[PDB]
Amino acid sequence: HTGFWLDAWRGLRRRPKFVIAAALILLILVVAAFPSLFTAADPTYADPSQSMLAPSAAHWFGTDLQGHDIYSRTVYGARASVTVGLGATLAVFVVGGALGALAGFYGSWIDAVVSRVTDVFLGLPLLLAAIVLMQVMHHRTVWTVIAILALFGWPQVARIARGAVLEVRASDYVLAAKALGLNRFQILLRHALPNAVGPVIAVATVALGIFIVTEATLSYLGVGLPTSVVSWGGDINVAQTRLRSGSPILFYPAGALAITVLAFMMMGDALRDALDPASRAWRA
Amino acid sequence: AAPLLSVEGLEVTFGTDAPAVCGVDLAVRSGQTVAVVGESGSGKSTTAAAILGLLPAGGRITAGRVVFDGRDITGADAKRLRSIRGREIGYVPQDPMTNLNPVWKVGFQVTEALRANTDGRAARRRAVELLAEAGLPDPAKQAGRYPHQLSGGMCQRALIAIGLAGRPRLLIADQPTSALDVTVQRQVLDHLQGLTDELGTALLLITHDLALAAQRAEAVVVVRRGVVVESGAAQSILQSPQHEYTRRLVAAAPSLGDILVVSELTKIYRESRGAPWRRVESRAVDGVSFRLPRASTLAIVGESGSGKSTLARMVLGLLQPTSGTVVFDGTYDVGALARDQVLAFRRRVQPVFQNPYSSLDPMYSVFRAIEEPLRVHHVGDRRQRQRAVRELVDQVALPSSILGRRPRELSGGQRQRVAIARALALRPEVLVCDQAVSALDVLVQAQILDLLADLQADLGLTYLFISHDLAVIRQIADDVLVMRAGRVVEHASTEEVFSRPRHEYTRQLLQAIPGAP
Amino acid sequence: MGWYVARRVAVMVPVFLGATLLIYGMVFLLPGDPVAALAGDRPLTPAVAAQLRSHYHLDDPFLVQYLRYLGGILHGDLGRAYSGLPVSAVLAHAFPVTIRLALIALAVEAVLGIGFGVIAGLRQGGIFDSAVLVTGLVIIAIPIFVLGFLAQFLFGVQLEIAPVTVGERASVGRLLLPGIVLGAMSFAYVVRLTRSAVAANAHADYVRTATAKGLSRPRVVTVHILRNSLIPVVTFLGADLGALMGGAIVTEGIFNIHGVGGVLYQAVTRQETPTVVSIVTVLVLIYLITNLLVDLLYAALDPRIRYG
Amino acid sequence: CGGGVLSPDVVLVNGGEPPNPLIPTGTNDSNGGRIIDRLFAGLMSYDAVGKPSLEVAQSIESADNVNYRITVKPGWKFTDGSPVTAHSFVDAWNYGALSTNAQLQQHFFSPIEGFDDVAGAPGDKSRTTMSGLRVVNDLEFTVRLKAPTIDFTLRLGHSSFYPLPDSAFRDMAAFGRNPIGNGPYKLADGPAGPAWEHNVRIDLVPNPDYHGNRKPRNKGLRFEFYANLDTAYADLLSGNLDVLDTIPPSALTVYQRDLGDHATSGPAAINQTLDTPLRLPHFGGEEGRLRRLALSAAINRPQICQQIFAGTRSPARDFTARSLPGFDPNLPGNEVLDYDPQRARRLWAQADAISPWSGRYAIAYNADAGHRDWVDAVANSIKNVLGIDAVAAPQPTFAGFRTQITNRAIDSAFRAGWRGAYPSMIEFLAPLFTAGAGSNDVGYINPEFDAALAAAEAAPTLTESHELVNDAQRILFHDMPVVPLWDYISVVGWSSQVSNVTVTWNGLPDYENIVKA
Ligand SMILES: Nc1ncnc2c1ncn2[C@@H]1O[C@H](COP(=O)(O)OP(=O)(O)OP(=O)(O)O)[C@@H](O)[C@H]1O
Ligand SMILES: Nc1ncnc2c1ncn2[C@@H]1O[C@H](COP(=O)(O)OP(=O)(O)OP(=O)(O)O)[C@@H](O)[C@H]1O
C-alpha cells in the first residue's frame with residue numbers, strides 16, 4: 001500500500017529487542033550530546049585530599065587516585081567515543097556503498113580493479129594496521145583517529161554492496177527499464193539504490209559497534225587519543241594497577257563501555273533479521 | 001480385494017491457518033495407474049507428501065486414514081516407516097536441479113539407495129547396472145560426475161533410478177517432467193511406462209493437464225482447493241465431463257508493407273573454459289533471415305538452448321549483433337542506431353518478459369510503474385497521467401481498485417496483466433512476448449491468450465510471440481519458425497506444420513505434444 | 001582444481017606486493033623526515049642517527065630502498081631490538097608459547113561452538129536455542145580486554161583458583177584461563193553462524209528426497225547436513241583466526257605472558273617503532289599465507305566453485 | 001613446545017640518571033653512588049654484613065689511633081696501565097678537601113690535623129696541602145688526626161677516599177664523564193657511542209685487571225635508567241628485568257602472592273625522624289623538653305607500620321637503624337619512647353603548668369615523593385588523643401623545603417630523614433647531635449653529651465666503644481632533641497635466572513656476586 005519504508009516500521013514496532021535497543025541508543029545519544037545536564041561538576045578538577053573514597057551521596061562513583069570522581073569523568077568520555085564511532089561509520093558507509101555499487105553494477109575493467117583494491121586493503125587486520133599507523137603521528141586529535149579508522153573500515157561494506165548489487169542486476173525489471181530509455185546511470189540510481197540499500201545499512205550499523213570497540217581498545221594502549229580528552233580506555237589504563245590490589249574502580253568506565261556496544265550490536269541484529277534474513281546462513 | 005492406499009479423508013492444516021487439504025479420497029487397485037490433476041495451489045503435492053510423513057514444518061494430519069495392505073501409517077512412528085520407505089513405497093521429486101546433494105558424486109548417492117547390501121563390493125557395480133537400466137548414455141563414465149554437471153534430461157533419469165531401488169510396490173512420482181522440456185518429457189515417460197509393468201508398480205503420478213493424464217493413466221482424480229471433484233476412467237472423463245469445472249478445464253486445453261526483415265544475423269560468444277591460452281567460442285545463433293507482415297503473428301519455437309532469447313534481445317537492440325541487418329520499418333537500423341534514433345525508436349517496440357515474479361521492481365506502486373514509460377518521454381503533465389492510467393487499467397481487466405498496491409501482494413496473472421499494460425502505455429506498434437505465458441495455470445493461460453488476441457484485433461499490432469513448445473500456438477499464430485542448434489530448421493505457415501511436416505525434427509516435435517495421435 | 005589454484009595463486013601476488021608497499025609507504029612517506037618518528041622516546045644523537053641510515057638506506061630512491069627492505073626481511077634479518085639483540089632470535093624463542101596458547105583457544109572455540117550450534121540447529125524454536133542465541137549476543141558485545149580484566153579479577157583476586165600472572169611457567173593448567181578468555185569472542189560468532197546455517201540447511205529439498213528412501217536418522221543427518229553446513233564454518237574460521245591474531249595482544253599483555261604478544265605489547269607501550277613495523281609485517285605475511293591455505297581448502301571441499 | 005622470553009646475558013638492574021659528573025668526591029646521592037662503587041677500590045672493602053677488610057692497603061698500624069702509617073701493595077694498576085701509588089691517594093684527598101675546588105663531600109676530611117688551613121677561609125690557603133699527609137716512599141705514607149679516633153680506620157672504605165688516576169688531575173671535565181678506575185668492573189666499550197648513554201642506560205663489564213675481595217661472578221651489569229618505579233615493576237613482571245631493588249608502594253601487599261619467593265627482605269641503614277626547632281614558642285626550656293617527650297610518647301608507631309607501609313618499616317628502639325654492627329635492641333630506658341596515652345596525658349598535665357597552649361602545631365614536608373598517607377595518619381594519631389589540633393602543611397618543592405632549614409630553624413616543625421654513610425652508630429649520632437657539626441637543625445646544645453661522644457671515640461678497643469656509645473645514647477633519652485619514628489626495611493625481587501642475590505646492609509643487593517645462568 002505504501003513504500004517499504006512504512007510497513008517495515010509497523011512490522012518492527014512490535015519487536016522488544018528493537019525497542020530496547022532504540023531506547024538505550026537514544027539515551028546514549030542525548031548524554032553524549034548534552035553532558036553538562038546531569039550534574040554540574042567539572043571532570044578535570046583534581047583534589048589530592050580525597051583519593052580512595054567510597055560511593056556515597058556526595059560522590060556517587062567514589063573517587064579516583066587524584067580525586068576525580070568517576071561519575072563526571074564517565075560522561076565526556078562517552079561523548080568522545082560516540083562521536084568517533086558515528087563519524088567513522090557515516091564516512092565508511094558513504095565510501096564503501098558508493099564504491100561497491102559502482103563496481104557491482106558495471107562489470108568489466110572496473111569491478112576488477114575495485115576487487116584488487118579491496119583485496120589489498122583486506123589483508124591488513126584493522127587493529128594491527130591502525131597500531132602501525134598511529135606510531136608516526138604527533139598531532140593526535142579525534143579527527144585523525146576518525147580518518148585512520150575510516151581508511152581501513154570500508155573493504156567489508158564494499159564487498160557486501162558489490163555482492164548485493166551484482167545480484168540485483170540479474171533481474172528483469174532492470175532490463176525492461178533500460179529497454180525504453182534511462183541511460184545506464186539514471187536507471188542505476190532509480191532502481192538499484194532502493195532495492196539494495198538494506199544490506200549496506202545492516203553491515204554499517206554493525207561496523208559502528210566494531211569501530212567503537214576498536215577505538216576504545218586502541219586508546220587503552222596509549223597510542224590512541226591524547227590525555228587531554230577524558231575517555232574510556234585511558235581512564236582504564238591508569239586503573240589497571242589498583243585492580244590487582246582488590247579495588248573495583250576499573251569496572252565503572254568499563255561498565256559504560258560494555259553497554260553502548262551492546263546497544264548497537266543488538267540493534268544491528270534486529271535490523272539485519274528484519275531487512276536481509278537470507279544472508280545469515282553463510283555470512284556474519 | 002484389498003486395494004492399496006485407500007486414503008479417505010486427509011485434512012492437513014499448516015500451523016492453525018485453515019484446512020489446506022480438505023476431504024479427499026482415492027483407492028489404487030494395486031496394479032493400476034491413477035493420475036490426479038489440479039491447478040496450482042490446489043493441494044496435490046501436499047497430499048502426496050503427507051502420505052510418506054514428509055510433511056514440511058507446519059504440516060500435520062488431523063483426521064482420515066491411510067491404510068497400506070490394511071495397516072494405518074497415519075501414526076507416523078519413525079521406527080516403523082523405515083520398514084516401508086524404499087522397500088514398499090518409492091518416491092520421485094519434482095525439481096531435478098535441487099533434489100541431489102550437490103557435493104556427493106551422484107554415483108555415490110545412488111550406491112546407498114540399495115543400503116541392504118554388503119556395503120563394499122556389490123554396490124559400486126549394481127549401481128552401474130541400475131543406471132544402465134535407467135537409460136543414461138554411458139553409466140560407467142557418468143557415475144563419477146557431480147550433480148551440478150549433468151543436464152536436466154539426465155537428472156530426472158537419475159532420480160527415477162533412485163526411486164526404483166528396492167523395486168517398490170507403489171510409486172508416488174510427483175510431477176516428474178514438470179521442469180523438463182518436450183521431446184525429452186515424452187522419451188522419459190516412455191522409458192518410465194516400460195520400466196513399470198515389469199514389476200507391477202502402481203505409479204501414482206501427479207500432473208497438471210488433462211490431455212496428458214488421460215493418454216498416460218487409467219483413472220483421473222480432479223481436485224480444486226483440496227477437494228476431490230470427480231473420478232473415473234480417462235476417456236469417459238475427457239470426452240464426457242460432467243461437473244462444470246472439468247468441462248471448463250478440458251475446454252481450456254490447447255489441441256486445435258512488411259516492417260522488419262532480418263538477414264544473415266549471427267552472434268558468437270568468446271567463451272573461456274579453463275586454461276587462459278585455451279579459449280573456445282560458442283556460436284549462439286546464425287543464418288537467420290525472414291520477413292514479418294504487419295497485423296500478423298510470426299512466432300519462434302525452439303528447444304531449451306536453441307538460441308531464441310538471444311535472438312529476441314538482438315532484435316530489441318539490447319544486444320550488439322556480430323553480423324547481419326535488423327533494419328526496421330525501412331528507417332530505424334538496429335545495428336548502428338543514430339543519436340536521436342534511440343528515443344525515436346524505443347516508442348514503437350516494447351518487450352514483455354518471461355516470469356511475472358521478477359520484472360516489476362518490487363518497491364514500486366502499480367501506478368508508479370505503469371506511469372514510468374509515460375514519464376521518461378515527458379508526456380502527460382500531472383493528472384492526464386491519471387487519465388491515461390485509468391483508461392489503460394480497463395483495457396486489461398484489472399479492477400480499478402488495484403491501484404496503489406505492491407507486487408508482493410498480487411496474484412500471478414495480474415502481474416503479467418500489469419506488465420502487458422505497461423508495455424502498452426506509449427502506443428507501441430510491435431510487442432515481443434518473451435515466453436510470456438509459460439509459468440501460469442491453464443485457465444489464466446488461455447485467458448491472457450484471449451486478451452492478447454482481442455488486443456491485436458483492436459489495435460493492429462504485430463506480435464513476435466515466442467514459446468518453447470508447440471501446443472500453445474495453433475489457435476493464435478499464423479506463421480511458425482522452428483529453431484535448433486542456433487540454426488533455422490523450418491519456416492512455413494501453420495497448416496503445413498499441422499498437416500504435412502517436411503523435416504524429421506518437426507515430426508517428432510509435433511507428435512510429442514500431449515496429443516499422441 | 002589444478003587450473004583453479006593456478007588462478008587463486010596468481011590473484012594473490014598483487015595482494016602481497018600491495019600490502020607490503022602500503023606498509024613501507026605509510027612509514028617513510030608521510031612524516032617528512034622518517035628519522036623524526038623512528039626515534040621513539042630516547043633522545044636523538046648522531047651516534048644512533050647513523051646506524052639506522054645504513055640499515056635502511058634512506059639516501060636513494062623509494063624503489064631501491066623498498067626492494068632492499070624486502071630482501072632483508074626475506075633473508076632473515078629484521079633489525080635489532082631495544083636490548084641490542086636481533087629480533088629474529090626473540091621471535092624464534094617466542095613462537096612456542098604463543099602457538100600453544102592459540103592452539104587451546106582455537107580448540108575450545110571450534111569444538112564448543114560446533115557442538116552447541118548443531119545441538120541448537122537440529123531442534124529449533126527451543127528454550128535452549130533462545131538461550132544460546134542471547135548468550136552469544138551478550139558475549140559479542142564485551143571487548144576482549146574488558147572480559148580479560150573481569151576474568152583475571154574474579155578468578156585470581158577474589159578467590160585464588162587460577163594464577164593471576166602467568167610468568168614464564170606456561171603449564172597448560174595455567175594457560176587454560178587466558179585461552180578461554182581469548183577464544184570466547186570467536187566462539188560466539190561461530191555458534192551464531194553455525195546455528196543459522198544448520199537451521200536453514202535442514203529444510204532443503206535434497207534432504208527430503210534423501211530421507212524419503214529410508215536412510216537412517218544419523219546417516220542422513222551427519223552426511224547431508226554437517227557437510228553443507230560445516231563448509232562456511234571453516235571459511236569463517238580461517239578468516240576470524242586471521243582477525244584474532246591481533247586481538248591476542250592485549251590478552252597477552254594483561255597476563256604477563258612471555259610470548260610474541262607480550263613482546264609486541266612492550267614494544268608498543270614503550271614506543272619502539274623499528275621493532276614494531278617488522279613484527280607487524282611478518283604477522284601480515286603469515287595472515288596472507290593462511291588465507292591462501294584456507295581458500296584452497298574451501299575450494300577442495302565444495303566442487304561447485306571447483307570447476308576451473 | 002618450549003617457550004621463552006630470551007634475554008641478554010649480563011644483568012638488567014634499575015637505577016636512574018646521576019645528576020652530576022662521575023667524580024668520586026663529586027656525588028652525594030644513592031642514585032649516583034651505586035655506580036661509582038663498582039668502578040674503584042679503596043684502602044678497605046665492606047662485605048655484605050658491613051665488616052671491613054684490606055683491599056688495596058698492605059699494612060695499617062696505629063700506635064695511638066692517631067698516627068696512622070699506611071702501606072699499599074705494589075702490584076696494582078688502573079685500567080689504563082697506570083701504577084697505583086701513594087701519590088694517587090695524596091693528590092685525590094688534597095684535591096677533594098680544598099675549598100676552591102668546591103666539592104660536595106668536603107666535610108669528610110675534617111679530622112686530618114690541618115683541614116682548617118685549606119677549608120676555613122682564604123687567609124692562609126696559600127699552602128694547599130694539609131699538614132697531616134706526608135709521603136715516605138711511593139708505597140707508604142703518614143696520616144695524622146686531631147683527636148684519638150678509633151673509628152677512623154673503618155670509614156676508609158667510603159667512596160670519597162677513593163684514589164684517582166694520575167692522568168685525571170688536569171682534565172677533570174672529560175674525566176667527569178669518562179672515568180678510569182681500578183675497580184672490579186670497568187665502563188662498557190662495545191659499539192661506538194656506548195658507555196654513559198645519557199638518560200638511557202650504562203654498561204659495565206668485568207675488569208681483567210682486578211685481584212681483590214670482589215671478583216665478579218657474572219658477565220656484567222646494565223643499569224636501566226627509570227622513573228615511576230611501578231613502571232620498572234611491570235617491566236620486571238614482563239620478563240624484561242632482573243632485579244627491582246625496590247617494590248613500589250602500590251604493590252607491596254601482593255608482591256609475595258604474585259612473585260612466589262623470588263622476593264627477599266633485609267634491614268637497612270636508614271631511619272627517619274621529624275623535629276621541632278628549639279626556637280618557635282611553647283617549645284623551650286624544661287616545658288619544651290616535656291613537650292617533645294609527650295609528643296614522642298603519643299605516637300602509635302606499630303599501627304602505622306602495619307597499616308600503611310605494611311611491613312617495609314619497623315618501629316625504632318633507639319636513634320640508630322637495624323643492622324648497625326653493635327646495636328642493642330632492648331637498651332635499658334627504652335620505655336620513654338612508646339605509645340601510652342596515659343603517660344602522654346599525665347605528661348602534658350605536668351607540662352602545661354608553664355604554658356597552657358599556644359595554638360596550631362603544623363608539619364612542613366616535601367609533598368612530591370609521597371608522604372601524605374603517613375603524615376596525615378600521624379597527624380590524626382597525635383591530634384584528638386591529647387586534646388590538640390595538629391595538621392599537615394605541605395611544601396611542593398624539595399628545593400624550598402631545604403632552603404627553609406638553611407634559613408636556620410625558622411618555624412613550622414618538619415620532618416627530615418638521615419641516611420647513613422658507613423656502618424657505625426657514631427656516624428648516626430655525631431653529625432646530627434653536636435654543638436656545631438653542620439646539620440644540627442634543632443640546635444641541640446649539650447657539651448656533656450658531646451664529651452660523652454668524645455670519650456666514647458676515645459677508647460682502646462671497639463666493643464668498649466660500642467658499650468660507651470650505648471650509654472651515651474641512653475643519656476640522650478633524657479633530652480630527645482628529635483623524635484625517632486622508624487628505620488627502613490627494603491625488599492628486593494629477582495626475576496627468574498639470577499639466583500644469589502642478598503640485601504647487604506642498605507638495600508642495595510650484592511651486585512658483585514649475583515650469578516646469572
Ligand atoms: N509450510 C507451509 N506453510 C503454510 N502453507 C503451506 C505450507 N506448505 C504448503 N502450504 C500450502 O499448501 C498448498 C500446496 O498445495 P499444492 O500441492 O497445490 O502446492 P504446489 O505443489 O505448489 O502446487 P502444484 O502441484 O500445482 O505446483 C499451497 O497453496 C500452500 O499455501
Ligand atoms: N554468457 C554466455 N556465454 C556463452 N554462451 C552463452 C552465454 N549466454 C548464452 N549462451 C549460449 O546461447 C544460449 C542462449 O542462452 P540461454 O540458454 O540462457 O537462453 P536461450 O537458450 O536462448 O533461451 P531458453 O531459456 O528459452 O532456452 C545458451 O544455451 C548458450 O549456448
# chains A, B, ... in the order shown; residues from 1 in each chain; ligands from 1
>>> interface_residues(of="chain B", to="chain A", cutoff="7 Å", atoms="only C-alpha atoms", output="PyMOL selection string")
chain B and resi 343+346+358-361+363+404-406
>>> residues_near_ligand(ligand="ligand 1", cutoff="10 Å", atoms="only C-alpha atoms and all ligand atoms", output="ChimeraX atom specification")
/B:12-21,37-49,55-59,94,174-175,178,206-208,223-226,440-441
>>> interface_residues(of="chain D", to="chain A", cutoff="12 Å", atoms="only C-alpha atoms", output="number ranges by chain")
D: 230-231, 233-234, 248-255, 257-258, 367-368, 370, 372-373, 376, 392, 394
>>> write_last_selection(atoms="N, CA and C atoms", output="mmCIF file, in the first residue's frame")
data_model
loop_
_atom_site.group_PDB
_atom_site.id
_atom_site.type_symbol
_atom_site.label_atom_id
_atom_site.label_comp_id
_atom_site.auth_asym_id
_atom_site.auth_seq_id
_atom_site.Cartn_x
_atom_site.Cartn_y
_atom_site.Cartn_z
ATOM 1 N N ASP D 230 56.756 1.882 39.594
ATOM 2 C CA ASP D 230 55.756 0.917 39.148
ATOM 3 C C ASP D 230 55.981 0.515 37.696
ATOM 4 N N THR D 231 56.500 1.432 36.876
ATOM 5 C CA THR D 231 56.890 1.069 35.519
ATOM 6 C C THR D 231 57.938 -0.030 35.530
ATOM 7 N N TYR D 233 58.482 -2.094 37.873
ATOM 8 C CA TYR D 233 57.883 -3.305 38.421
ATOM 9 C C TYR D 233 57.128 -4.076 37.350
ATOM 10 N N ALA D 234 56.318 -3.376 36.555
ATOM 11 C CA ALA D 234 55.642 -4.029 35.440
ATOM 12 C C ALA D 234 56.650 -4.611 34.459
ATOM 13 N N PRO D 248 57.508 -0.944 44.484
ATOM 14 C CA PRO D 248 56.763 0.306 44.531
ATOM 15 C C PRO D 248 55.663 0.233 45.572
ATOM 16 N N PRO D 249 55.267 1.368 46.148
ATOM 17 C CA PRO D 249 54.320 1.326 47.273
ATOM 18 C C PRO D 249 52.954 0.788 46.904
ATOM 19 N N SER D 250 52.548 0.917 45.646
ATOM 20 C CA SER D 250 51.225 0.483 45.217
ATOM 21 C C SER D 250 51.074 -1.031 45.203
ATOM 22 N N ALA D 251 52.164 -1.790 45.336
ATOM 23 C CA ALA D 251 52.101 -3.227 45.101
ATOM 24 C C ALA D 251 52.666 -4.065 46.241
ATOM 25 N N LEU D 252 53.150 -3.444 47.313
ATOM 26 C CA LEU D 252 53.851 -4.156 48.370
ATOM 27 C C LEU D 252 52.923 -5.026 49.208
ATOM 28 N N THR D 253 51.666 -5.175 48.796
ATOM 29 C CA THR D 253 50.716 -6.009 49.515
ATOM 30 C C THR D 253 50.422 -7.329 48.821
ATOM 31 N N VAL D 254 50.823 -7.489 47.559
ATOM 32 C CA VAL D 254 50.610 -8.727 46.823
ATOM 33 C C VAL D 254 51.871 -9.227 46.143
ATOM 34 N N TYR D 255 53.011 -8.564 46.356
ATOM 35 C CA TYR D 255 54.250 -8.973 45.707
ATOM 36 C C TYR D 255 54.564 -10.433 45.989
ATOM 37 N N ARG D 257 52.372 -12.846 46.780
ATOM 38 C CA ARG D 257 51.377 -13.701 46.148
ATOM 39 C C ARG D 257 51.657 -13.870 44.664
ATOM 40 N N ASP D 258 52.072 -12.797 43.991
ATOM 41 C CA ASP D 258 52.256 -12.858 42.548
ATOM 42 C C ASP D 258 53.703 -13.101 42.131
ATOM 43 N N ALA D 367 56.150 17.382 49.435
ATOM 44 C CA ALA D 367 54.924 16.698 49.045
ATOM 45 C C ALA D 367 54.871 16.019 47.680
ATOM 46 N N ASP D 368 56.028 15.689 47.118
ATOM 47 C CA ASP D 368 56.091 15.127 45.776
ATOM 48 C C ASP D 368 56.533 13.675 45.755
ATOM 49 N N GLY D 370 55.899 11.549 48.017
ATOM 50 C CA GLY D 370 54.825 10.766 48.590
ATOM 51 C C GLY D 370 54.718 10.431 50.060
ATOM 52 N N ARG D 372 51.903 11.879 52.074
ATOM 53 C CA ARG D 372 50.577 12.242 52.565
ATOM 54 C C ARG D 372 50.011 11.192 53.508
ATOM 55 N N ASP D 373 50.125 9.918 53.135
ATOM 56 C CA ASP D 373 49.499 8.855 53.912
ATOM 57 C C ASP D 373 49.973 8.876 55.358
ATOM 58 N N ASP D 376 49.403 12.348 57.313
ATOM 59 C CA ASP D 376 48.049 12.518 57.823
ATOM 60 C C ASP D 376 47.747 11.515 58.925
ATOM 61 N N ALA D 392 48.862 18.837 58.891
ATOM 62 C CA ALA D 392 49.965 18.879 57.944
ATOM 63 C C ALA D 392 50.115 20.275 57.350
ATOM 64 N N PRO D 394 51.976 21.017 53.595
ATOM 65 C CA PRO D 394 52.908 20.588 52.550
ATOM 66 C C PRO D 394 53.619 21.755 51.882
#
>>> residues_near_ligand(ligand="ligand 2", cutoff="8 Å", atoms="only C-alpha atoms and all ligand atoms", output="list in words")
residues 268, 269, 270, 271, 281, 282, 283, 284, 285, 302, 303, 304, 305, 306, 307, 308, 309, 310, 311, 435, 467 and 468 of chain B
>>> write_last_selection(atoms="C-alpha atoms", output="compact mmCIF listing (two decimals), in the first residue's frame")
# COMPACT_ATOMS: atom_id res chain seq x y z
CA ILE B 268 29.32 -15.66 -31.25
CA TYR B 269 30.49 -16.00 -27.64
CA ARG B 270 34.23 -15.86 -26.91
CA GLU B 271 33.90 -18.36 -24.09
CA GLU B 281 33.94 -19.99 -28.95
CA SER B 282 30.26 -20.97 -28.78
CA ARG B 283 28.19 -19.95 -31.80
CA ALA B 284 24.82 -18.85 -30.43
CA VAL B 285 22.68 -18.10 -33.50
CA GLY B 302 12.74 -23.94 -30.24
CA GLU B 303 14.08 -26.34 -27.67
CA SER B 304 15.81 -25.45 -24.42
CA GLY B 305 19.11 -24.00 -25.55
CA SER B 306 18.28 -23.38 -29.20
CA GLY B 307 19.25 -19.70 -29.11
CA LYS B 308 15.89 -17.86 -29.17
CA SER B 309 16.25 -15.49 -26.19
CA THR B 310 19.49 -14.06 -27.57
CA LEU B 311 17.75 -13.57 -30.91
CA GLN B 435 7.71 -16.68 -23.30
CA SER B 467 7.46 -20.19 -26.93
CA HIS B 468 9.31 -23.37 -26.07
>>> closest_residue(among="C:117, C:79, C:32, C:262", to="residue 196 of chain C", atoms="only C-alpha atoms")
C:117
>>> atom_distance(atom1="atom CA of residue 73 of chain D", atom2="atom CA of residue 57 of chain D")
6.0 Å
